[PDB]
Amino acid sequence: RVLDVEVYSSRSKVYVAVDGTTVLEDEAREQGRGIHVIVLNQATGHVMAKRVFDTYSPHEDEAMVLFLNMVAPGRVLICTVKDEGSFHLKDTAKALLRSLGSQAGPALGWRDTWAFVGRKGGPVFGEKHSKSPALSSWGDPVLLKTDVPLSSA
């Protein structure tokens, strides 16, 4: 009646594991920057969608907002940052993350790392965030492990 969810955010690598199986992994040297989003079915844990939005670059946050607004309430929503996710994560996107209950997402800054697991329509199940200490540095890798309650019947 639970999912064991692991979410990793760092400068050079992201991954998400569900019940000990890796369902998302990106350690490619020159791609995959931004906020990785995975959507799970809330009863089975099956992956319903996988996206990456390069919110270091303009317009990607707009795509993220349009995608997240079509996600059903009650899906499991997982986010994790590779390299940089904040430069063009602008106010509408930050307000949407705030509306999910995220604490770190609306506050995300330059080269911060961030891992998030929540029910789309509330509540938040797990969140971690490491602030970058300097413009030339990155946040510390963060590894969030969270038991997510499953729906039944």
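All residue numbers refer to positions in the sequence shown, first residue = 1.
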Could you settle it for me: does 22-30 or 109-117 have the higher average Cα B factor in the PDB entry?
-> 22-30
85-93 set against 121-129, stretch whose average Cα temperature factor tops the other in the entry | 121-129
Per the PDB entry, which option out of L66, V39, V52, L100 has the greatest Cα B factor?
-> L100
Specify which of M48, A43, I35, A104 carries the largest Cα B factor in the deposited PDB entry.
-> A104
Entry-reported C-alpha B-factor of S9 relative to its chain, by third, is lowest
